[PDB]
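To keep things simple, chains are lettered A, B, C, D, E and F as they appear, and every chain counts its residues starting from 1.
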Amino acid sequence: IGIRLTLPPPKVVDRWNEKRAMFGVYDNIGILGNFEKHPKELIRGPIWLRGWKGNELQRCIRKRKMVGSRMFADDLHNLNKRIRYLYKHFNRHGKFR
Amino acid sequence: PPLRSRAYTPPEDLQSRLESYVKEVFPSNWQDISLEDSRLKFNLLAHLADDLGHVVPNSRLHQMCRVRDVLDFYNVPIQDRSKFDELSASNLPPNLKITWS
Amino acid sequence: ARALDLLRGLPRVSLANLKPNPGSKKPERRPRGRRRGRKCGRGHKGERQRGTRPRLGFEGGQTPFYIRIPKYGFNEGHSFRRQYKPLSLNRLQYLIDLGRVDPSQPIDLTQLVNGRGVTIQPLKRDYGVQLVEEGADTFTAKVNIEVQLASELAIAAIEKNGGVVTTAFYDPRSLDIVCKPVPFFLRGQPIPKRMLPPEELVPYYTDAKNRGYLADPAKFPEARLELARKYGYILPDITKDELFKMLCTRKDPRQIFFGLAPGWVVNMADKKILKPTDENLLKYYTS
Amino acid sequence: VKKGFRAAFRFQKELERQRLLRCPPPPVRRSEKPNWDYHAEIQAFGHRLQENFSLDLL
Amino acid sequence: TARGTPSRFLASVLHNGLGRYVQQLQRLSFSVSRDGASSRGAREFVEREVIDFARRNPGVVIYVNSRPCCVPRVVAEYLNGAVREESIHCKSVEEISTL
Amino acid sequence: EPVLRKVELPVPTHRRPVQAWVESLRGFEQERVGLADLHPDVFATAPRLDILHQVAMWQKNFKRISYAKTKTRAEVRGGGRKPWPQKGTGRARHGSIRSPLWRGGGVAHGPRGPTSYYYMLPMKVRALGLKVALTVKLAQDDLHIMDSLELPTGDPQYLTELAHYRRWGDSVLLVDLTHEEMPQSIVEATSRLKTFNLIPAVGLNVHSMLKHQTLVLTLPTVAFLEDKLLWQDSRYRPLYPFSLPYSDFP
């Protein structure tokens, strides 16, 4: 048996808190603001991902370049190993040549 | 504060009442007067809605080119009965029972 | 309209109603089930399936196709063979008519680009524009065009209508400045001075047959009359034109913009132009 | 705890179904369960048999 | 499967067609939510199909109520005591009429 | 005293403008204060709901970083040695106690690192979406116009009652011109309420419009919107970012 018996507590979502009521506001700051700013300049998050996209290999390479010299030793060694593996995989393994 | 009802009953003498208001603002063949001017369109529609308790919706103010169209719009009624009371008003057969509240 | 009337009697539009346009969001494929995944499409056992088949272009040991065919310099030097974006007379007429370029003002590269008539890429070894003979017929415009090359037919097409065409040169560093000036005026560097052609090109820009900007401005009439005599029209006397003062105007070598002298600094914030006064700086720039 | 609600509610409904086979409720008048109005029922009883019963006598 | 399933013999309620045919269904309860998205076909059926069905079958008492609040359903009761429920949630008006 | 308003930018010669009432918040029954004209290509575009979908989905996803990481088979602690030799015993071959197979191992294919989902639609598509949203919220008797968002007193009860009086809806999105010029009364009132949201015109977006039922623009706002959205059709292809100076672009 892998199914619960009593009902879960009700997850109450407040669809009108501040974060949801104001979602998206200023996502047209460029078109409606004389192009002073750009939408990407509102993306809050990692230093090395604000307004950029890519597969895991490119993401790891970018992380190494921009914060590789600030990383803890073991995390950085893991990152280098990961880049090595992904290089081998994306460049030698796969259905399509 | 006392909310107004959407129900509208187009008066029988409407075609006369309307003309009085036209005389207040604007000749024969008045049905074809153009309303490209906006000052007079506003005056007319404001008077009509202050009288009949019915403002045209914003979605139907560019469909009113000529006063003929104002008359046409005011010749269609609006029902303030939700499905609640339109279901239980069609002389239901005796063997169908609806419950609402 | 019609559809806008339909929307009135439908429910309110909200994030509960949206939809993708049919045919756009193709469905996904995952290896689950008796069809998608039992071998998930990878085939029988073999290095195909494991994802270990040789590199793209390995023909199984037989000498590959791209190695048994000898080398030849189809591309040797390609990074240094200069390139020029054509500007057909058809396109020049089209731009003139719709008011994009202004024939009552000297047409340099800057005014071809500011009207989005051609797209110059300095960084890909484009040096400038070349007029091409296409559309010599039907070209009727009085333009003072400064380009970087010209077939003799284009020279004709521009002369026959009382126009002056002159072939200038722009080095890769100044071409970027002339093509997209406002960026340069933002960098803050003082306006550099145009370099002279390379060794291989001076015989081109010092020949009257090509309306070169360094050939002597006294052999030009002979060239113009020769061209007219070959192409069967009468060289109009431009000296009497209502606006010949404009068709005369030219940029001297070592100048990028028309009314700006190398060494000035453009201040766009305050609407000013700053000029030096130290004798050494003037000496360097004026040369 | 697996996160979710649909399987929990589905299992509760199935348990209720099983609990209404063992220990079925004591049967009660159809005139007490929901969805009942006597007038419509008696008139339908009439019309069902193809007979024009007088309503008061019936 | 047959072995794994009950069985019965061919039969009728009260020798139905012998004297006079009688319609076995006698009550039909519709629960239709006034708001739920799954109650859309049901709302269409009630709005433009239930009156005609009531007229065509005057031996069936049709009740309709609006208090499941999320899921519709139709419960058919018969002369011989049998009840039979059917889901009409997320179905079209054609499907509901056929059912 | 009417408060008219004509369309400034040129209208194509084959299309008449659309129109709307100009209401006031200064009183409960102050609708039809004036009549305003609205440019057809910004308030009467083709419906085009699918573009509304494109824009709302981009507006949801372009700013998402998924912070989900799962330790691969080489990032989990330990796991170096071969647990038992290959041939001798009778157990399954294994070359680590941290394969995905084993309990406590690593995910073979799991969420790797913080993932960005950013992408940008052509600017024209997003402006077109804005126009589509405005026209849909007009065609369905939901868009309004106000001379100003002024109010008699900042008490929120007044604003919510007024919204009740006119069938506005559950939620209202009020739009004013500049963040500094919204009047004191409206900002004070709309701080407490929950489904009433006050934004300056520079923040108008598709998702925040499709969320709220009613959209209430000031008149200066509609002027601003017509200017900034008509600028997209009939502009050259860029020569460099519009943040850099141009001859005609403020």
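Some notes on this structure:
Convention: a contact is a pair of C-beta atoms (placed from the backbone, for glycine too) under 8 Å apart; a residue touches a chain by one contact, two chains touch by 3 or more.
Note on connectivity: the fewest chain-to-chain touch steps from subunit D to subunit F number 2. Just to note, of A-C and D-E, the chains joined by more C-beta pairs in contact are D-E.
When every chain is reduced to the mean of its C-alpha atoms, the one closest to the centre of the whole protein set is F. With centres computed as the average of Cα coordinates, no chain lies farther from subunit B than C. Taking each chain's centre as the average of its CA atoms, subunit A and subunit E sit 53 Å apart. Chain geometry summary: the mean Cα position of subunit A and that of subunit D are 55 Å apart. Chain geometry summary: the mean Cα position of subunit C and that of subunit F are 38 Å apart.
For subunit D, residues that reach two or more other chains under the stated contact definition are 37, 40, 44, 47.
Shared interface positions of subunit A, defined as residues touching 2 or more other chains, are absent. Residue numbers of subunit C whose C-beta contacts span two or more other chains: 4, 8. Considering their complex, residues 1-2, 4-5, 7-9, 11-12 of subunit D touch subunit A.
Touching subunit D in their complex are the following residues of subunit B: 94-95, 97.
Those residues of subunit A that touch subunit D in the shared complex are 2-8.
Listed in rising order, the residues of subunit A touching subunit C in the complex are 92-95, 97.
Contacts from subunit E toward subunit D in the complex involve residues 20, 22-23, 26-27, 29, 58-61, 63, 65.
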